[PDB]
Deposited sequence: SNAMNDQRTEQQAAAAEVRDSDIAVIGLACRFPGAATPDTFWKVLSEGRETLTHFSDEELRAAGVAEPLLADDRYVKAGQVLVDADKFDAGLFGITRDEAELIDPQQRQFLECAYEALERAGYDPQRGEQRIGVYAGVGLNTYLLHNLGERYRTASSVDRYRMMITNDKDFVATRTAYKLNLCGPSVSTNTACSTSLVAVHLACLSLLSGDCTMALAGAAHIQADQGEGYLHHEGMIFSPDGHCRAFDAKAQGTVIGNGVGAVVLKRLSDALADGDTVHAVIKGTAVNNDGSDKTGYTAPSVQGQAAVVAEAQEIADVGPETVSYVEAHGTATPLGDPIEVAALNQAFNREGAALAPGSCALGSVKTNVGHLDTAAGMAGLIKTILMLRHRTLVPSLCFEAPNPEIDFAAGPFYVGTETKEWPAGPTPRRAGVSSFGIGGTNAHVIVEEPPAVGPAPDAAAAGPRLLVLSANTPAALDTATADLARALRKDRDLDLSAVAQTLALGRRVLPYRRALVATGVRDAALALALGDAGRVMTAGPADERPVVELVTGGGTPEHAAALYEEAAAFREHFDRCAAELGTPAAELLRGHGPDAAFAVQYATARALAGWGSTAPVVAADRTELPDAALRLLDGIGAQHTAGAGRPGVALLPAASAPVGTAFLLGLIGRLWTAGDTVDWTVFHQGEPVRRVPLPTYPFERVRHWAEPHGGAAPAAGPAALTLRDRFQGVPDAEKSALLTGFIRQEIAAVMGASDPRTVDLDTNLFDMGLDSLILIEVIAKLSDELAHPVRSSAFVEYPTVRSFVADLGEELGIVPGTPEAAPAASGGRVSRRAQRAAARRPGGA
């Protein structure tokens, strides 16, 4: 574990045909093109002019992001009017960043982590088209409100403000290479100590997606909507729509904290072509070759140890041979040719098109998934190599199969390239990640009942589909790594299968649900016989209980072993008092009601005075003792916490999970309400 290695500890994406990493992996491993073909009816509905449809140069297809118009404004405390004004690219980036942090297992509203964010969005066609006329005929006040909801500057800071990211929050833009430049700056920030975690990401969404495009020979776009990277029939790409983000942390920190490591960034490099090329928009062999070599040098990774490269890969007749010539030059720099056919080459642009500002996210996230799965996937629309590409001069070949990624003398390593219009180039070196008994309280919360139900079904489903999940990790991730919201649910479970079923059934006997309407509860210290089996179980199983019980027995003047065996009022008091103090230590602020104190010793009376126990409440009461023939021990205590917490009591989950190693794991992400917010031009 090198000092400079950066872990990818979470990620998220909404790309054409894939709203999550799991569905993206399905697109990739199944070798599918996500191109949408538009009917004439759909194009007419979209206001495409009739001469345009008739034109044989017009391409009736696109790479669309479904529900780009949807946004859960309520969750983010944003009004309808404001949601409508905000560029969909910024809305989608905000939800995507939320998802990435969720998958990482970190709730930035809690904890001491300092989280930065580097992000960029594409050309704001929402402002130009949908809000265009609105802008030029508006007051300075309303123009100002449109500026802070639409200018590029605000994508990173809106996210910082709404998610609570206190590290550097910077909008970074270099056109098609924006994604990997953001990744580069995030890593630089992390290594310099600006922050302890960082998001890096990008969004590109055309306000008029859903329409086709006119083919022009002087431009990068293909005549048929297909992107045939490295193929002899390569004729360009299709602009796509999408958004992606990764969460980054020093690898040593990630391992120490017990995070899931999806992959390791070994090094990154960024440069610019400068002047020495035939035009501002022209490609450059030398600029590309240099940034690849620079990234490998920084990563301390020899070119012969790289076994996959994710090319920028736009399928232009000029650009494809240049990209391979540049890779050959970089890879062969330390001598002569590497073994032919020894490094796979591919382009996700063949699946989802060219995501512009977000292209590098689609490329990096594909490569991360391949590495985590130790699985190579196809580059599509490849039938025969472009004769002008000099494959024989180097190690590259275009992989067209889903298959095991063969082991090598080093861990599996990949390169990821992204080259922008304007000549800023980026290359990132990524490595596969290093190799990796009682009941638990599972807690869920959402901003609406409907969201809570969906989240419950999602978790149930995820739990059924992976039995290998550790219930501990699931409980910890849910408690520590999810926003604390008003509609709440909880369940005490004995294992993953058990949990899956209980959550699916929704049977109130086990599944506790409460919301902001329900009354804040009190804990009731009752009379009743002792509970020796229950007392002994908590004493053995719960360290916090054991502490306060020992100290309570000291005050009462009786040995702990005596009280734990006892059936009398002193014993019943002790168990309940110790439970109440353990709850308090875990952050509970529920009042303790002790309504009947007659048959209690003076010491018990003082202890009740010390914690300021009320004599009554003016509020639902939760008993501190199990009912007869109810579950006892830790199962009871966890159910108690669950009942209080769902009803709005405070719990400090960090303190609650103190005594154990925490392991954060990927679980389903928030079911954002699909509310349409769209300004009509």
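Judged by missing C-alpha atoms, the gaps in the deposited chain sequence fall at residues 1 to 17, 454 to 461, 644 to 645, 709 to 845, listed in sequence order.
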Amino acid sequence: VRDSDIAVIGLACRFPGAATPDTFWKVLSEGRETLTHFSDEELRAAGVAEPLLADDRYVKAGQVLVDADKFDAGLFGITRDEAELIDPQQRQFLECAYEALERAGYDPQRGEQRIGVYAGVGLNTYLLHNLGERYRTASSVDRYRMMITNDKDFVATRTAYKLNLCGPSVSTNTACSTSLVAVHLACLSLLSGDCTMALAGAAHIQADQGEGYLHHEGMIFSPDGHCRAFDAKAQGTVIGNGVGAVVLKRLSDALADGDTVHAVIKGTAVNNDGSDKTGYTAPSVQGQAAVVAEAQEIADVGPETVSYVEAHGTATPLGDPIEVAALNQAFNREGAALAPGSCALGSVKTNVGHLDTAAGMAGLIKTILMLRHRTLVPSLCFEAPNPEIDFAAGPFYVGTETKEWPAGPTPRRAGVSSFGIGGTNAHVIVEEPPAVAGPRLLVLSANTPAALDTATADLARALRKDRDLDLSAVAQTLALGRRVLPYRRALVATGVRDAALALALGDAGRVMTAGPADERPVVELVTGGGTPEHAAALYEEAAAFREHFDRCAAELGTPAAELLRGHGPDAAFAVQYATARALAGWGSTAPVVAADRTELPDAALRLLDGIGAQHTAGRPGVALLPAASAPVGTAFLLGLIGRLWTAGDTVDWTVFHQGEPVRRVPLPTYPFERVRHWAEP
From here on, numbers count along this sequence of modelled residues.
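Legend: mean Cα B-factor per stretch from the PDB entry, 138 to 146 versus 410 to 418; the higher mean is in 138 to 146. With 122 to 130 and 400 to 408 compared on mean CA B-factor from the PDB entry, the stretch scoring higher is 400 to 408. Between the residues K366, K277, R461, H184, the entry's highest C-alpha temperature factor is the one at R461.
The residue among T448, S588, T527, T424 whose C-alpha atom has the highest B-factor in the PDB entry is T527.
In the PDB entry, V59 places in the middle third of its chain by CA B-factor. Per-chain ranking of the deposited C-alpha B factor places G659 in the highest third. Compared with the other modelled residues of the chain, the Cα B-factor recorded for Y213 ranks in the highest third. When the modelled residues of the chain are ordered by C-alpha B-factor, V496 sits in the highest third.
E562: CA B factor in the highest third of modelled residues in this chain (values from the PDB entry).
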